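Asks: In terms of the deposited numbering, the sequence shown is residues 3020 to 3038, 3126 to 3286, 3293 to 3301.
Shown below is the structure under consideration.
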Amino acid sequence: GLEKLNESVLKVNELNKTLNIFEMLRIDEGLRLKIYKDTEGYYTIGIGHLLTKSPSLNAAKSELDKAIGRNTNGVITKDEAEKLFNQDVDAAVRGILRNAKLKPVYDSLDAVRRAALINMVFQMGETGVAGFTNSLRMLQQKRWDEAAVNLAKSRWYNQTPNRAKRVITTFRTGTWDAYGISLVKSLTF
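Right, dumping it as structure tokens:
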């Protein structure tokens, strides 16, 4: 078994030679390189990048063409998907720091828990995340056990329990064991 493991890690290193919050939001939401519809019926692409809520069919293609600045038929690439993802993350974090209801907590936490908060914002919207006052206070005060005990009691918990559980363990340990290319490397490690 160990010999086969070394062989597989060598294969991994080779595939890498041939070739992060992005992987987290990929595992939770899901990535698509072609235009599809989300659970609410709106037009999304990439990772949660909402193209258009309008009933218009071609209203998503024009949004994409104006966003990435290219005349693609709706088939984007990997690096441009991550570029749109970083753009959306920048927008969400700007909204977070501007609202100020989340700014003290976000400034109190480290990078991992910041990415977890950004995941919550991407999922339910900054307005919905602002409705976790107790959890937010326990996060800025850096009481992790009680914060996870509290986050497990919400509509956000019953609705999507697995994603909530992963985000909650990420808040707890402050690591990437949950959600763990880079993944194959770390995990074979």
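A virtual CB, placed ideally from N, CA and C, is assigned to each residue, including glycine.
Taking 8 Å as the cut-off, decide whether the C-beta atoms of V3273 and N3225 are in contact.
Replies: yes
Asks: Cα separation between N3192 and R3132?
Replies: Rounded to the nearest angstrom, the two C-alpha atoms are 12 Å apart.
Asks: Leaving aside the five residues before and after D3251 along the sequence, list all residues of the same chain whose C-beta is less than 8 Å from its C-beta, in chain order.
Replies: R3278
Asks: Tell me where the beta strand (DSSP E) around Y3149 begins and ends.
Replies: For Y3149, the uninterrupted beta strand (DSSP E) segment begins and ends at 3149-3151.
Asks: Leaving out five residues before and five after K3209 in sequence, what residues of the same chain have Cβ atoms less than 6 Å from its Cβ?
Replies: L3203
Asks: In whole angstroms, what is the alpha-carbon distance linking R3219 and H3155?
Replies: So the two alpha carbons sit approximately 22 Å from each other.
Asks: Looking at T3183: is its Cβ nearer than 8 Å to the Cβ of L3170?
Replies: no
Asks: Report the residue from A3258, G3136, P3267, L3242 whose alpha carbon sits nearest the alpha carbon of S3214.
Replies: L3242
Asks: Any idea if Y3212 is buried or exposed, counting beta-carbon neighbours within 10 angstroms, 16 or more meaning buried?
Replies: buried
Asks: Can you tell me whether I3151 is buried or exposed, with buried defined as 16 or more other CB within 10 angstroms of its CB?
Replies: buried
Asks: Whole angstroms are fine: how far does the CA of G3280 sit from the CA of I3153?
Replies: 23 Å
Asks: With which residues is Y3142 paired in a DSSP beta bridge?
Replies: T3150
Asks: Who are the Cβ neighbours of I3127 in its own chain at under 6 Å, not counting the five residues just before and after it?
Replies: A3221
Asks: Please report the Cβ distance between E3232 and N3205, rounded to the nearest whole angstrom; I am assuming they are in contact, meaning their Cβ atoms lie under 8 Å.
Replies: 6 Å
Asks: Could you pull the start and end residues of the beta strand (DSSP E) that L3157 belongs to?
Replies: 3155-3158
Asks: For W3262, report the span of its alpha helix (DSSP H) as first-last.
Replies: 3261-3265
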